[PDB]
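Trainee: Chains as they are written, first to last, in my numbering: chain L, -11 to 363; chain A, 20 to 374; chain R, 8 to 438; chain B, 0 to 110.
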Amino acid sequence: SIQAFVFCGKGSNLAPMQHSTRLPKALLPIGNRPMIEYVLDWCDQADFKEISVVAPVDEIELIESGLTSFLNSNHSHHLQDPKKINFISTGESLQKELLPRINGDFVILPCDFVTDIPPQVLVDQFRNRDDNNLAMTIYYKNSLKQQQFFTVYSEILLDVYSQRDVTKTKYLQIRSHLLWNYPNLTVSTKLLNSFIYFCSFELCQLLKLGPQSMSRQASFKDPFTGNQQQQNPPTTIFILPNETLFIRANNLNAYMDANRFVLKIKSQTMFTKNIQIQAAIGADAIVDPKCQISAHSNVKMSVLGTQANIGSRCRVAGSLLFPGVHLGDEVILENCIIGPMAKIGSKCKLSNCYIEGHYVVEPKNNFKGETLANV
Amino acid sequence: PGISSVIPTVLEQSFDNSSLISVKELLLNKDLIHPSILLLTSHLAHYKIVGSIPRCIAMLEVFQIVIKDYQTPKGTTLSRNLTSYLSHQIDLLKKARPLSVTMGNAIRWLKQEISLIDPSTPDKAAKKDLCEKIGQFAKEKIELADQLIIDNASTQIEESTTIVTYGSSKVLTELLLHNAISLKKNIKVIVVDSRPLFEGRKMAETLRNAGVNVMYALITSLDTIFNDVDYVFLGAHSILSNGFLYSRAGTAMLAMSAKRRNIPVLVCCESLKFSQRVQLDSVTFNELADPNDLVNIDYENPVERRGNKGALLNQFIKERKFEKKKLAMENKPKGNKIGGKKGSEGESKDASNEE
Amino acid sequence: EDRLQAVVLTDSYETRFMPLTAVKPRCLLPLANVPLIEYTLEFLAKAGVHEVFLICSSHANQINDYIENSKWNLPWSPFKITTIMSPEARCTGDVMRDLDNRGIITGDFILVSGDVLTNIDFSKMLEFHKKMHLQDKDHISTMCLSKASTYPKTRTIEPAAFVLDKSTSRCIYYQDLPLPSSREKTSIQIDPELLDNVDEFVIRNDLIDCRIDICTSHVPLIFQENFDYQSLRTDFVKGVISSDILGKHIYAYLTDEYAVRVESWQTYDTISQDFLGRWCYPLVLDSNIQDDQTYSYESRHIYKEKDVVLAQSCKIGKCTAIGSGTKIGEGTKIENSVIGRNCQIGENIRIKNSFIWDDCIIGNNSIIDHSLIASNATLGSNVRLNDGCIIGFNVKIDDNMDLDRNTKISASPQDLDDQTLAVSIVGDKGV
Amino acid sequence: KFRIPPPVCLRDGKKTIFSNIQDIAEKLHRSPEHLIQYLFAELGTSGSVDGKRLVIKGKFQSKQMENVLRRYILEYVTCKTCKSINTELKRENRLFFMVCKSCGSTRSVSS
């Protein structure tokens, strides 16, 4: 019943970088880390074993090699190459081909992703309402013309009209039978779909009865209008896709995204500069180079300075570090600002005590005692 | 592996023993665990309709489904780490939402079943029979009992009715529906609602779905009503060995009011929901939830206004707590409707030792 | 804020009441057992009046008499009634023209079309209007709209599909459709003239008519300028949208609390029901407004004046109200029906979900269901009425009749069947 | 061009309704059914023929209909060598071959 789909191919729609047959798109060194690292992380978070990977006609081994290189997962990935597609469409042709092997509900994610939002909560939401289709939307930048059709209705969160504009019609075109029901519609002029899909078992027999597939966006979810007359039998909640709003930045690349992403990255993110030993407790952490760290490390919204050594079990809750500090054996912190030369530890649970310059911490109790320079 | 930590709002001073806290948002758990049970638990946690009757049934159904799906290992027998798995599941359930009397009964039944067919049987022969047995049991002890109760209710009205009502319990709703439809009497229904989880509203909706003459009120709004009006009804969750009514929220006050105004109340009972456990107070073991149950202001549930209140941990020197399950007075409700039609609450454990 | 005159369109929506309104003026008819004008006046007072003006037309003598009778007449009132008397039969453009000719026009003057009675406090609204005015010179007039029960169903004459703003609260489109009754012209349009300037487009339909307007100095001048606006809703808003007078703002006040204006007959009934219940914040009859009134509140949503008697042994449903000078007999089966002033009851009568006007005898063995009986019109022996039987002036329903659903009966002492003389049509009688 | 009648129609939703279509049919001299056929060819719409005002399903704009009309006036009917007004319908093998009454010359129209 539980399964995940990973899509990975080649890009040619973009303006620039791509010319030779040797370099495709799977192994891009834009800024040290590959594009698919985020995807890998997401997969790890999700925790799954049977994940099927799909590939088109071109490149049969290079992708595999890429997957192998650099490498945590250590699971068992499977890849197949059915040869019928000739780049015109993404995975609909594959879907049409493989149908009885599908066990149940599936999670679909393409290779083009940059994520900062919470992970499995989409999946959980999908599980909850128990419907056929789900997709998400992301706002346009506030920093330096009409775009495309987006409409929302909520009291529950659902989608009404989704058809894009490339050959844009002058007036806003919809349906009134899809308006008489749901009488409080809103037209949005900000939203953008970012390639997130969640589907069910029931839509596996309808593709063989009537082929309709177009570009995975033009027709993939379009049959939702159940009004007026209806002249097609239902397969065994009304057949409707859903839309959910978000705040944090998780954009897509298709037409105009290559230079902005880099800017967004380099200025913030999950920082890596030196050797690390890495499931871990503590969301969002800021680590510095030259240091040596151990496992079971707890960081709660904290920024380090130049060279900060952590050794054997530590709990940090809102503490900042300045040039050159030593830590050894059992440290628990609550609300502290630290200056130059500090050797903090000696096993204590301290709240509202500030550490000043040149001091070694002794195992003693002192209430409201400000750590003064010298006695 | 799994860790708790981080508890919302102030812990107050009194009522500090029961498990109620933690894992609301999912963040890393154990590996080869079946997730359907987890999903069910989550549903139970964020539910506003369920009351006494259906939860146990749902649980049973889930168990049946699991059994149907269950794979017997290629090397080891049907039960070895299975027991461990079950224990883990139970723990998870406990963490999510307290195991009631019904749940205990279900567990007991499961154990009995396990005892009955113990390590000797192959794949699709044992479970084929077991599932069917379970189905048969379901058909027997529950649905038929409900039907019997309904039929008892049917006769229980003679000449003219004007009723005040409360409860989420499905059976009461069914009775009301029956009164409305296949009896065609001169029925009148007045609805009482409760704040923590909405039942009155649901009842009203159900009434509407039939098209009944309906008056509406709340917990406090009671006095002006009785100015002709006779019958009163209630719905209980579970009764202990003691004979006292260990049921849900706002019943007891209503009962008292009825007693004062000189026409008594009748509650409905089930011939399975009885416990070995002994209690007579609120402190012992109680349904306790997060103080988010009393935040919403006026008319409906989802509105959210930034007017007067909207903080819990920031509210310094304040002890905010509420009760869900109450221990109602023994002598106050007169009639009880079980499998043996009619009888006083002087029965207490007349079905417990009957087994 | 202060010093604001009241101008109300009266004697205008005659014959819209399909049988009634011909002999006595539209507003003079008894609403909820007591004249409609009074409620409206009270509302106006609550809002903030400094002088009362009504544009009366249909038979002025009676209007004058009413004015003489009224409470605002003598010195004690902050505002006097002196109605504008004009030539016979004219539209709202013509009325406006007449007003202009007369002369008395102010800055922030109030214009309400027809008759309205609701609860929402108006001071806040006024303040908001003032604030809007203080923003820019181009701001014009105020709209009143209220939310309803999710889906529309009992709305065919005015189911306006308001495309609205949240950031500025401004109308984009107006349309009236016969779609719930006669499926012939199911149509929704979005105009592109204000499309690429608003961005926050909200498509809505579930709003109710009030026809209450706070008007600035722009409006009468505009009216004078453009003779094409003979109406005030379908032409005006559209014109504004089109930018006839280029670049001008209009307000759309949105309230969570209920607000409806007087229009038809079922709607009237609904309004009456609302008034009887506690649907609008304070509105009551028991408080007493007009001099000789002796109304008192009772439990179970029951209204009784003084000189009111109902006899023992009447097993009933819910909600009943009786007017003064009434004697009610014994043994009746009643559910959610209203009996008017000085109405007499013999014995054995079944009633379900009704409203009854001034001096109407509910005869021996009679059924009144969702149907009205008007002033001096009386029911005799063995009459079986059904849902929506509309009765006008002096309909003497005498002996043996059976009228079907939605049947309309003529009023004035012609266009519709069943007449004023003895017995309504089952066996042909009249002139 | 003066022969084109001014169309006073706003974008009526749900179903495409035209009341000025009859006038267009009259002035330009052509059968109403032909226009319906053309519409069908253009877009996937389902509707029944009503005798002056048509009931055809589809929420389509007032300017695109105008464009369609213009197209019909131009490269669908008329002639390249002569800008004549009166063109009548005659059928000579199964598909339509329109003829002009001012002179007498045959033209093949399908796309």
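In this text, a Cβ means the ideal position worked out from N, Cα and C, and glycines have one as well.
#1: Straight-line CA distance for R:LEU317 to A:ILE68?
#2: Measuring CA to CA, which of B:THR15, B:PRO5, B:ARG2 is closest to R:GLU191?
#3: What are the boundary residues of the alpha helix (DSSP H) that R:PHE135 is part of?
#4: Pull out every residue of the segment 168 to 188 of chain L whose Cβ sits closer than 9 Å to any Cβ of chain R, in chain order.
#5: So with Cβ pairs under 8 Å, would you call residue 441 of chain R a contact of chain A?
#6: Counting only beta-carbon atoms, is A:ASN355 nearer than 8 Å to chain R?
#7: If we ignore side chains and look at the alpha-carbon of each, how far apart do A:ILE357 and A:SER38 end up?
#8: For B:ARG70, count neighbouring C-beta atoms within 10 Å of its own C-beta (all shown protein chains included) and say buried if the count is 16 or more, exposed if not.
#9: Using DSSP's beta-bridge definition, name the partner residues of L:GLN68.
#10: What's the gap between the Cα of R:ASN233 and the Cα of R:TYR265?
#11: Using a beta-carbon distance cut-off of less than 8 Å, what residues from the segment 0 to 33 of chain B approach chain R?
#12: Starting from A:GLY354, follow the beta strand (DSSP E) in both directions and report where the run begins and ends.
#13: Using 8 Å as the cut-off, can you tell me whether the segment 255 to 272 of chain A makes contact with the segment 291 to 309 of chain A, which would need three or more C-beta pairs spanning the two stretches below that distance?
#14: Using a Cβ-Cβ cut-off of 8 Å, state whether B:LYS58 counts as contacting chain L.
#15: Taking the beta carbon of A:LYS292 as the centre, do at least 16 other beta carbons fall within 10 Å, making it buried, or is it exposed?
#16: Tell me the rounded alpha-carbon separation between L:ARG204 and L:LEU240.
#17: Would you grab the beta carbon distance between L:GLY293 and L:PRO311 for me? Rounded to a whole angstrom, and I think it's under 8 Å.
#18: Quick check on A:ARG267: buried or exposed, where buried means 16 or more other Cβ atoms within 10 Å of its Cβ?
#19: How many whole angstroms separate the CB atoms of L:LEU145 and L:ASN230, which I take to be in contact at a CB cut-off of 8 Å?
#20: Cβ closer than 7 Å: which chain A residues qualify as neighbours of L:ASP112?
#21: Could you pull the start and end residues of the beta strand (DSSP E) that A:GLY362 belongs to?
#22: Can you list, in chain order, the residues of the segment 48 to 81 of chain A whose Cβ is nearer than 7 Å to any Cβ on chain L?
#23: Along chain L, which residues have their Cβ under 9 Å away from the Cβ of R:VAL209?
#24: Taking L:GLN134 as the reference, give the member of R:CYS151, R:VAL205, R:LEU106 with the closest Cα.
#25: Three-state secondary structure (DSSP) at L:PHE75?
#26: Suppose the cutoff is 8 Å on Cβ atoms and the five residues either side in sequence are ignored; what does the same chain contact list for A:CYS288 look like?
#27: Residue range of the beta strand (DSSP E) that R:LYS245 falls in?
#28: For the beta strand (DSSP E) containing L:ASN230, name the first residue and the last one.
#29: Can you give the Cα-Cα distance for R:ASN76 and R:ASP298, rounded to whole angstroms?
#30: Give the straight-line distance between the Cα atoms of R:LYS415 and R:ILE432, rounded to the nearest whole angstrom.
#31: So, at 6 Å on beta carbons, what are the nonlocal neighbours of R:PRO289 in its own chain, with the 5 sequence-adjacent residues on each side left out?
#32: So with CB distances below 7 Å, who are the chain A contacts of L:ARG115?
#33: Could you name the residues that DSSP lists as bridge partners for L:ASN172?
#34: Can R:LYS154 and R:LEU214 be called in contact, C-beta distance under 8 Å?
#35: Span of the beta strand (DSSP E) holding L:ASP118?
#36: Please compile the residues from chain B whose C-beta is within a distance smaller than 8 Å of the C-beta of R:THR193.
Mentor: Reading from the atomic positions:
#1: 44 Å
#2: Of B:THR15, B:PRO5, B:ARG2, the residue nearest in Cα terms is B:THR15.
#3: 129 to 142
#4: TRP168, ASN169, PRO171, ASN172, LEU173, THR174, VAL175, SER176, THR177, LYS178
#5: Within the shown structure, residues of chain R are numbered from 8 to 438, placing residue 441 of chain R beyond reach of any answer.
#6: no
#7: 32 Å
#8: exposed
#9: L:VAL42
#10: 34 Å
#11: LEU9, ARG10, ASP11, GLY12, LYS13, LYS14, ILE16
#12: 354 to 357
#13: Yes, the segment 255 to 272 of chain A touches the segment 291 to 309 of chain A.
#14: yes
#15: buried
#16: 15 Å
#17: 5 Å
#18: buried
#19: 6 Å
#20: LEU45
#21: 360 to 362
#22: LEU58
#23: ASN172, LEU173, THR174, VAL175
#24: R:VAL205
#25: coil
#26: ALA255, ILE258, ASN355, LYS356, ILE357
#27: Not the beta strand (DSSP E): R:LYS245 falls in the alpha helix (DSSP H), residues 243 to 249.
#28: 230 to 233
#29: 10 Å
#30: 11 Å
#31: Sequence-distant Cβ neighbours of R:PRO289 in its own chain, meaning closer than 6 Å and more than five residues away, do not exist here.
#32: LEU58
#33: R:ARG211
#34: yes
#35: That residue, L:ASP118, is in no beta strand (DSSP E); it is neither H nor E in DSSP.
#36: Within 8 Å Cβ-Cβ: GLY12, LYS13, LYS14.
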